[PDB]
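If you want the building blocks of each chain, they are given just below.
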Amino acid sequence: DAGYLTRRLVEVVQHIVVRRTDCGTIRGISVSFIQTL
Amino acid sequence: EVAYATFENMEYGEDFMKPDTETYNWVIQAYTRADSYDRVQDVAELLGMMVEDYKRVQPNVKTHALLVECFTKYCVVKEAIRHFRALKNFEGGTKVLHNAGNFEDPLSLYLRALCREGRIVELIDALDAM
Amino acid sequence: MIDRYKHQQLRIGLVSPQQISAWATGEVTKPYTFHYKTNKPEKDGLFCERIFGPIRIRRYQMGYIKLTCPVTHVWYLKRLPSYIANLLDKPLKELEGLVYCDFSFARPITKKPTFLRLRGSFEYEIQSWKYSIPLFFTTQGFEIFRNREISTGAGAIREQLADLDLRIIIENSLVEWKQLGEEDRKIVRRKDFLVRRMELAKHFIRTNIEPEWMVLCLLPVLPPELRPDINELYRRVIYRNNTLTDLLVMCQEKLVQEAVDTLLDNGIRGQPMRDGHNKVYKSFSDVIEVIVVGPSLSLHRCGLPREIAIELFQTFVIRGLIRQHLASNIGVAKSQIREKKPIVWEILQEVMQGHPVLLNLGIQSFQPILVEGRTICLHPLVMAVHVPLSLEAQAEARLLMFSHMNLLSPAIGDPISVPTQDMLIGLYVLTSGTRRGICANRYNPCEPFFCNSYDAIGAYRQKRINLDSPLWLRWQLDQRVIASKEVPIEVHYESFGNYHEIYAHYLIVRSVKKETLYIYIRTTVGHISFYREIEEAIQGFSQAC
């Protein structure tokens, strides 16, 4: 069950590559724990 | 896709590379005159990106002429009417849309599409601009 | 910067009969595979040398079968939802009987004159159409316009597809879609049918794909080298297709159509075709769908046996022999490797140095070294072996995949090579200090001093102290001892100005007259050894680099 999940997880994001320095977005996620920052 | 790759280089680059009004016009024109496949969704998303850049980018006469041409070709007539109204206020106006009769004469197609759909009040207003 | 633009595309599309012919020219016309007597490829057969090439071009040269009757492609008819049925706006039940049942479709075309009031699908046969009409117009004159009033088979479907007005489909679907909007499980279902139909029509208009290509007139044939099951299916299609052209019937067309369905995609009709040994035929749709620990090794190194290394690096050993003129050419260089000439192993060591290999963090890069024996030797913190050939691949292996630039795991950033098991107990025993309290003294109490750490370690080597026996260490650095943040247990204050501060782990001597500050740490040689090992490791690396 772990291998089948890993294959599907890799497949759904296999195309994601860091391609730009800054997309120039304005929005951000508000946070109000240390490891997630 | 060739022109859109260059546009993405500019849109997600540094400040001195950011698209201007002319940059949007070239990429819009590339999709409007594509040889194959449906491109109306690509043009409409580019228009949304241009509108989100209003604080820095504003349209000119070519922007509305290309958008009237695109929406007329795909028979999105109500959107072609919105951009034709904005095209009226620019001097020269309908002549730019005419394109000297090239690219299947977008000026005539706009007039034909209004006639085919019984939008006569809009049709007369188009003739006034001409 | 300007991106290095790279525009590459690939597309799939349905193939015209003309493109099928252009692939082959090449027609396979005989169901023969190989001659029994000569054991040669039969002329004009599935392995014909004039069609596919002499016995490398047989891996890539296509052929084709010229069908006497057109057959529908089973992908676009039976796989639900059907494309042909959706485009023609006819239920698959009433359209499947036109292919596999004894039905006939009236008025298949609309772009040519007709003079009969027949329409739709006729499950029976028209009585007058059998005798009266062929007699009145004569048989020769009847055949000209026969397949314009009522037709049968997959050919009737192709005429409907070829005569479709795709722009009429879009307008009819749109007005019907809006009519249902002005007006419960059928209305929603019918709306989805109309949206799919108008979406399908639009794609045909803006592409070069013709909808009539969904009915096959020619059948492309796989190259022989890719079919050294499929061959039997090909013979079955050829056999029935040759039978049908000899008759020239409808029952024979069904046999040709069914055989092509089996070849293209079996298991779509129900019980699939099976051979004599009770095996279901596979269509094209089915086709497309030792290590030994070495503790002395470095983290970036591995040990390879001679027998394995010489095979992996044979090309480099041959070049090394030729370069240094130990072998005249390629042929001589092989014999020395074959005969285990001792000069081979000297060259093997040279070419292996500086050439990393990939071992399969499941796959990493190590610098191989020749080891005695027959086993692969790996360091305790770690079978396929890959040798990078190009300089681009060798650069990546050394600079990206080595076992020292990947010390942190990407999941949360934890270290990967933390000591475990026997490594961990050794540190635990080493740093487990002296016994304390009632475990150190039988009775309630109502140790050596070392000038430097090297004297303490030297006394331990001479068996003068034990590994966990407490001692005092003269400390000539800053107070960097991790300890409980506690005030002194006792302060001994001499009347001349010097006072001793006794802490749980160290003693500090100070004065109110001088600026002296002397520190003595109560520790063991185990703690000293652990501190020295890390410090000397840092100092040794700095000096060597």
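Below is a summary of the structure that appears in this document.

## Looking at the overall build of chain A
At step 1: Across its full length, chain A holds one helix and zero strands.
At step 2: Principal-axis analysis of the C-alpha atoms places the extent of chain A at approximately 40 × 30 × 15 Å.
At step 3: For chain A, the proportion of its 37 residues judged to be buried stands at 0%.
At step 4: Surface summary for chain A: the accessible area is close to 4,200 Å², and the carbon and sulfur share equals 58%.

## Digging into the packing of aromatic side chains
Residues and elements named next belong to chain C.
At step 1: Under the defined criterion, the tally for this structure stands at 20 aromatic pairs over all chains.
At step 2: Between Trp129 and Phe142, the aromatic rings sit 4.9 Å apart at their centres with planes inclined by 65°, giving edge-to-face as the arrangement. With a gap of 13 residues between them, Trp129 in the loop between strand 3 (120–122) and helix 6 (132–136) and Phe142 in helix 7 (residues 139–149) connect regions that are remote in the sequence.
At step 3: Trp129 gets classed as buried once you look at its relative accessible area, which sits at 13%.
At step 4: Judged by relative accessible area, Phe142 falls into the buried class, the value being 2%.
At step 5: Centre to centre, the rings of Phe137 and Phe145 are 5.2 Å apart; their planes meet at 75°, and the pair counts as edge-to-face.
At step 6: Look at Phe145 and you get buried, because its relative accessible area is 13%.
At step 7: One cation-aromatic arrangement involves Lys191 over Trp177; the distance from NZ or CZ to the ring centre is 5.7 Å.

## Remarks on the environment of B:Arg85
At step 1: On the secondary structure map, B:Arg85 appears in helix 5 (residues 77–88).
At step 2: Sequence spacing of B:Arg85 and B:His64 is 21 residues, and the spatial spacing of their C-alpha atoms is 9.0 Å.

## Things to note about the pairing of strand 15 (residues 498–502) of chain C
All names here are of chain C.
At step 1: Relative to strand 15, strand 14 (residues 490–493) runs antiparallel, the two sharing four bridges. Residue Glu490 lies in a different strand from strand 15, and its bridge partner there is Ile502.
At step 2: The turn joining strand 14 and strand 15, which pair antiparallel and follow one another in sequence, is formed by four residues; a positive phi near 120° is taken by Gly497.
At step 3: By the bridge criterion, five bridges tie strand 15 to strand 16 (residues 506–511) in an arrangement that is antiparallel.

## Side note on the sheet that holds strand 4 (residues 150–151) of chain C
Residue and element names in this part refer to chain C.
At step 1: Reading across the sheet, the three strands line up as 3-2-4 and stay open at both edges, with antiparallel pairing between neighbours. Each of the sheet's edge strands pairs with one partner strand only, and the pair in question is strand 3 and strand 4.
At step 2: As paired elements, strand 2 (residues 104–106) and strand 4 share two bridges and run antiparallel to each other. When the sheet's bridge partners are listed, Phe105 is paired in strand 4 with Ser151.

## A look at the side chain of C:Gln394
Residues and elements named next belong to chain C.
At step 1: Following the sequence through the fold, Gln394 ends up in helix 18 (residues 391–400).
At step 2: For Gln394, a relative accessible area of 17% corresponds to the buried category.
At step 3: Polar contacts involving the side chain of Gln394 include one to the main-chain carbonyl oxygen of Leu389, which spans 2.9 Å.
At step 4: Not counting residues within four places of it along the chain, the set of residues in contact with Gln394 comprises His355, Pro356, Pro388 and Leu389.

## A word on the interface of chain C and chain B
At step 1: Opposite the eight residues of chain C that make contact, chain B presents 12 residues.
At step 2: Both faces considered, chain C and chain B share a buried interface measuring about 720 Å² in area, 44% of it formed by carbon and sulfur atoms.
At step 3: Joining chain C to chain B, the criterion identifies zero salt bridges.
At step 4: The interface formed by chain C and chain B includes five residue pairs in polar contact.
At step 5: Its residues assigned to classes, the side of chain C that touches chain B comprises three nonpolar, two polar and three charged.

## Description of a nonpolar patch on the surface
At step 1: Among the surface-exposed residues, A:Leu5, A:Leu9, A:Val12, A:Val13 and A:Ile16 lie close enough to one another that they form a single nonpolar patch of about 480 Å² accessible area.
At step 2: Structurally, the position occupied by A:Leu5 is in helix 1 (residues 2–13).

## Structural notes on the packing of helix 2 (residues 21–32) of chain B against helix 3 (residues 40–52) of chain B
Residues and elements named next belong to chain B.
At step 1: At a minimum axis separation of 9 Å, helix 2 and helix 3 run at an interaxial angle of 170°. Relative to helix 3, helix 2 is oriented roughly antiparallel. Residues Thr21, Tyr24, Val27, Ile28, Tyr31 and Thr32 of helix 2 form the contact with helix 3, whose own contacting residues are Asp42, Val43, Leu46, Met49 and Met50.
At step 2: Split by residue class, the contact of helix 2 with helix 3 holds eight nonpolar, two polar and one charged.

Conventions used here
- Counting starts from 1 on each chain and follows the sequence as written, independent of the entry's numbering; residues without coordinates are not shown.
- Chain letters start at A and ligand numbers start at 1, both assigned in the order the entries are written.
- This view covers only part of a larger assembly, and the values given relate to that part.
- As a rule here, side-chain values cover all heavy atoms of the structure and leave hydrogens and water aside.
- Only DSSP runs of H or I reaching four residues or more are called helices, and only runs of E reaching two or more are called strands; each is numbered from the N terminus.
- Buried means the residue's accessible area, taken with a 1.4 Å probe over protein chains only, is under 20% of the maximum for its type, while exposed means over 50%, and partly exposed covers the values in between.
- For the accessible areas, the method is Shrake-Rupley and the probe is 1.4 Å, while residue cover comes only from the protein chains on display.
- Pairing of aromatic side chains requires ring centres within 6.5 Å, counting the rings of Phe and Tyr and the six-membered ring of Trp. Pairs whose planes differ by under 30 degrees are stacked, by over 60 edge-to-face, and all others tilted.
- Here, a charge over a ring means that NZ of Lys or CZ of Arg falls within 6 Å of the ring centre while also lying within 35 degrees of the ring normal.
- A pair of strands counts as paired when DSSP detects no fewer than two bridges linking them.
- The term polar contact refers here to a pair of N or O atoms within 3.5 Å; inside protein, the definition further demands a hydrogen-donor-capable atom paired with an acceptor-capable atom, and it admits residues adjacent in sequence only when both atoms are side-chain atoms.
- Residue contacts follow a heavy-atom distance rule, with two residues in contact if any of their heavy atoms lie within 4.5 Å.
- Two parts lose some accessible area (1.4 Å probe) when they are put together, and adding that loss for both gives the buried area.
- For salt bridges, the criterion is a side-chain nitrogen of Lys or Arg within 4 Å of an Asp or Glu carboxyl oxygen.
- Basically, the charged four are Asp, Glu, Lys and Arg, the nonpolar ten are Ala, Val, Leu, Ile, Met, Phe, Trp, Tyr, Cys and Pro, and anything else, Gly included, counts as polar.
- Candidates for patches are residues over 30% relative accessible area with no salt bridge; among them, like charges are joined within 9 Å and nonpolar side chains (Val, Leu, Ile, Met, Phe, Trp, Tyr) within 5 Å.
- In this description, a line fitted to the C-alpha atoms serves as the axis of each element, helices being fitted only across the stretch in contact, and the angle between N-to-C directions of two axes falls anywhere from 0 to 180 degrees.
- Throughout this description, any angle smaller than 35 degrees is read as roughly parallel, any larger than 145 degrees as roughly antiparallel, any in the 65 to 115 degree range as roughly perpendicular, and the remainder as oblique.

That's the geometry; what it means functionally is another story.
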